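Next up is one chain by itself, shown in structure tokens, the form deposited without the named molecule.
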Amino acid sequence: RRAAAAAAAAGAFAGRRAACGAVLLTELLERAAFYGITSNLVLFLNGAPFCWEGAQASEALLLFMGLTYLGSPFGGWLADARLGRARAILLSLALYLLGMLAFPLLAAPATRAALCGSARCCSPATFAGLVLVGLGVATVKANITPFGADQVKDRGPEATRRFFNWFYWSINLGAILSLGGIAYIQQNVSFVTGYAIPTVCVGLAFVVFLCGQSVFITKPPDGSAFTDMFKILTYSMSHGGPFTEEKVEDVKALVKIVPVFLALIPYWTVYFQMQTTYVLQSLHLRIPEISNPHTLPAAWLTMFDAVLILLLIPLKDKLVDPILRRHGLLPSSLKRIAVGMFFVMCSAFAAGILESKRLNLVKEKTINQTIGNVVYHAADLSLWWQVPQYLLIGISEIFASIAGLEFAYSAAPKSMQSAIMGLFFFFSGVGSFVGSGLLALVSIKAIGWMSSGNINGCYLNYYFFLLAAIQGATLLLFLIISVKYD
């Protein structure tokens, strides 16, 4: 019946198999370049060409990441009011490549003198490159996600759900490629060759759109709507009556989806802190060697999470697209976010248990292992015991990560698409920054949880339990908000 019809829709892609693979490949290459920059920025800045202090490099990376979140709302508005999505993404990719071209030249010893030969050694060029890269990334992220789902939007709302699966899969495949191959070359072979590859990736990602301009679905720009709902918004949030035709409906949609985005700040707060502290714990756990180029990169550890995601996304798809559809289970995009939050809390609890075990074991004996150029003191507890953690968050990223994008896409006005995604990725950055502040809070002398690269004297288990409690409170609040919204 209806189920049969929906399963038949799941039979999507179909005609448009080109228009999609192009977007998937473009996002893969863009993510590969982004992770190539982000993985080893601090090592590059604190090295031979640049004599920046560790604090300066950390602040530079923090500003670069913050720019990629702050520029998203403005990148989305530019792609809706003044330009189309295709042209905006093309301009953003051109700017991203321009910012890309700076780092290989600085890495090269011959061309470094031309740029900055004659505190910070080469602050202007590096800052300009980082600003350009951040603006390009912010404009691409806020615009590629709705542009890709535009091709599959005609076949109802299950084709856009299948597309957002292989979009996340391509993102994670690009992350694996960048953090595995490029991050290895950047630290073992040379920085020139390690930074030339992501530039070539950006160059190839630009060619794909030019080749695929004949198969994409475009929408004419419309800034009149933005003017109507920004300039004369203060004149009113509802009850337009005879004045205005249906723009009051999209004003209602905006003011109704803002609270859902606001209630998701603690989710990102916990999620980014889990990204950081999980790697912190992995560094202090027994890591086996691979050979008899040395000192495997620390970025490889992050790969672990994404390594799960790939193996889950096909499987899940099959074992979720029939199984959960013919039974009418979990159809909405908000209950899936709730399930993701539940599994985030479970992962936090598992991490706390493992950290308590590690802190109990470390009092007996400790070994030294080198990662990069620094030796960490680790207990004699195998790294693979951290596998149960990464499953639970991985399942979370199966549910909460994709469903968040689906909700941001579907529950948004047609005119302001790619601008609601801008707010989504901006509130993600706000959550990341408040999470950094939370980490700074528990590090004070009054609490002393994170008073000290060795964490054998820091109670990471209490931090994990606090994150679990925050995630539980967020789960309850989000359940209430989702019920009220529906």
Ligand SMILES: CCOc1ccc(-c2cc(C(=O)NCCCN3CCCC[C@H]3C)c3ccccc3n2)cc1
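Start at 1 and count along the sequence shown; that's the residue number.
Another form, the form deposited with the named molecule bound, is not on view; read the next lines as being about it.
- Checked against the named molecule in the bound PDB entry, the candidates 191, 409, 103, 267 yield a single residue with a heavy atom inside 4.5 Å, and that residue is 267.
- Of the residues given (138, 337, 79, 93), 337 alone sits with a heavy atom within 4.5 Å of the named molecule in the bound PDB entry.
- In short, of 154-162, 120-128, 85-93, 399-407 it is 399-407 that has heavy atoms within 4.5 Å of the named molecule in the bound PDB entry.
- The putative spot formed by 13, 213 and 216 is not touched by the named molecule in the bound PDB entry; no residue has a non-hydrogen atom within 4.5 angstroms of it.
- Though the partner is left out of this view, residue 35 does reach within 4.5 Å of the named molecule in the bound PDB entry, counting heavy atoms only.
- Remark: residue 250 does not count among the residues lining the named molecule in the bound PDB entry, judged by a heavy atom distance of 4.5 Å or less.
- Although the partner is absent here, residue 183 sits far enough away that none of its heavy atoms falls within 4.5 Å of the named molecule in the bound PDB entry.
- Although the partner is absent here, residue 209 lies well away from the named molecule in the bound PDB entry, with no heavy atom inside 4.5 Å.
- In the bound PDB entry, the residues of 165-182 lying within 4.5 Å of the named molecule by at least one heavy atom are, in order, 167, 168, 171, 172, 175, 179.
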